[PDB]
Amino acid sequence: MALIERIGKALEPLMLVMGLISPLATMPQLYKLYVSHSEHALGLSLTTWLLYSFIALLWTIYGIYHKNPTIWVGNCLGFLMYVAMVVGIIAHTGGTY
């Protein structure tokens, strides 16, 4: 399986950066929630973003404990992004699932 190996090996020095992509990718979602499409906030699941926040927090603690920035750097940024999603969903819906 040359392709799987090629990609797998190529990702090795990029793993810390990889952890930053999804948190950074959440910025357009935050933009829609807070700025451009707040009237559609009810379409967002509070449950989903709460659990994202929870898991990101756990990985952050894990990574900090083991002095592994590849883990905690991306997940710390993630945690903040997903908490911002939680706050915004509550702010524009008054509460939902």
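So that there is no doubt, residue numbering starts at 1 and follows the sequence shown.
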| property | result |
| --- | --- |
| Residue with maximal Cα B-factor (values as given in the PDB entry) among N68, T60, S36, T47 | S36 |
| Chain thirds of CA B-factor: placement of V87 | lowest |
| Record-listed C-alpha B factor of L80: chain third | middle |
| Third of chain Cα B-factors occupied by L11 | middle |
| Ranked C-alpha temperature factor of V73 among modelled chain residues, by third | middle |
